[PDB]
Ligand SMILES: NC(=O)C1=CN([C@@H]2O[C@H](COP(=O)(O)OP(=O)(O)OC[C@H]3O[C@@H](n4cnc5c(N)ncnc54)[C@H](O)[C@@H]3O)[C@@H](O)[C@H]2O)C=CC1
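In structure tokens, the next block holds one chain alone, the form deposited without the named molecule.
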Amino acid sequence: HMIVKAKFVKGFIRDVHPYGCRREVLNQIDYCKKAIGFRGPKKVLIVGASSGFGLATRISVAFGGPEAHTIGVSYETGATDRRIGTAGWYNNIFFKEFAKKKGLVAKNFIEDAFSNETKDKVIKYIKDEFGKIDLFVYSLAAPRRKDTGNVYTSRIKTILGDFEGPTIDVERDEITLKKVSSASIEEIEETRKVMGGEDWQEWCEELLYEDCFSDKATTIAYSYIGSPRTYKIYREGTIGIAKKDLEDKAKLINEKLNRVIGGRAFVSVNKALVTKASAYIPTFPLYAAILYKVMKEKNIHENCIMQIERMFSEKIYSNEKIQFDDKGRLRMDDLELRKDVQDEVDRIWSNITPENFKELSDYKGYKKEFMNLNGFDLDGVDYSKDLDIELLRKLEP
């Protein structure tokens, strides 16, 4: 029986507020329940289903109109003697509670998605109990990958020279300059192993050859391109190299699925959102804060769930044909990269100071979204209320 507070250690919040996480899940569900609605997917596999885009994907297909049954694969840990548990751990639990209330299947595999054991387990469940899958979304954003037993670690670096610029320190409400430098050859390769398209492709092949995909099944992975201002990181750097690998694999998966089941694969390039991993990378967080202000002013702002909802209802499962860019990618950053939006961001950038940034950018919204990632600062949650830790320990995914 304890009060959970937001304690910052080396820039990151230590604990998560589980009921704040519940509320965030519920806010996304609410958005989807009230949106125009779409139809299509019935049986959906999501690898990386516990947070961010994977979670929004799951909520969207379940509550956004299709009433899809879902399998979520994620590695998360619960409450112990000393730890409260990860946000994703709770997101899984609360998603399942709300999905079942609607009479939907919401299976969780709390498992390392990279291992052959996990694939076998998921495949067995599909063949035995779930039924064939019409949509497979790969949205794992793991920091490392275990293979023999080599461990590969993702890094966020340039391939040449320094990248430096402002980050947002949420704890002190200030801008702070940071720098990241060049990656080693091994670091580039490891990042490609973790973030590239290899595991996604393995999944698609196992699923395909084990007769787990429905005819005409779709599979999707997520990426980010952004503005030229951060190309050194997101296109040219270690992340950019991994994402090009992801894009290349999408093409090979697409060709195969098309030939074998009339299915398809593609990368959806999404918009800038606040995440833990991009906090403290130089120059992105300020970009995002300014972007939020501009797009909110222009009535075109989207958070994670809004991105996904529009992706599904307006582009993927719409009446009209799907439009890809010239490299076969679905572009959900079409509003972010709109000329008028980028012109305004660059203008504000040229006036922004460490002194005035809270007025020229959406620092408030940036900070709120950051806090929300650990279940803090959610409207309608009583943070003075103590939490029953033995009750939380009882919850099962």
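Only residues modelled in both forms are compared. Start at 1 with the first residue shown and count on from there. We call the rigid core whatever largest set of C-alpha positions still superposes within 1.5 Å between the two forms.
Although not depicted, the form deposited with the named molecule bound is the subject of the following passage.
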- line: In this chain shown alone, the residue from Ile159, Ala141, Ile123, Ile241 with a heavy atom within 4.5 Å of the named molecule in the deposited bound form is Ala141
query: So which of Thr230, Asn108, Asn270, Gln201 gets a non-hydrogen atom within 4.5 Å of the named molecule in the deposited bound form?
result: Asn270
field: Non-hydrogen atom within 4.5 angstroms of the named molecule in the deposited bound form for each of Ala49, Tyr75 and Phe284
entry: yes
- prompt: Only one of 248-256, 169-177, 220-228, 126-134 gets a heavy atom within 4.5 Å of the named molecule in the deposited bound form; which is it?
  reply: 220-228
- request: Would you check, heavy atoms only and a 4.5 Å threshold, whether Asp112 touches the named molecule in the deposited bound form?
  value: yes
query: Even though the named molecule is not shown here, does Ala289 get within 4.5 Å of it in the deposited bound form, heavy atoms only?
result: no
query: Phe53: heavy atom within 4.5 Å of the named molecule in the deposited bound form?
result: yes
is_contact(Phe266, the named molecule) in the deposited bound form, heavy atom dist at most 4.5 Å: no
message: Could you pull out the residues of 328-342 that have any heavy atom within 4.5 Å of the named molecule in the deposited bound form?
response: none
- request: Give me the stretches of at least three consecutive residues whose Cα atoms move by 2 Å or more between the shown form and the other one once the core is superposed.
  value: 275-284
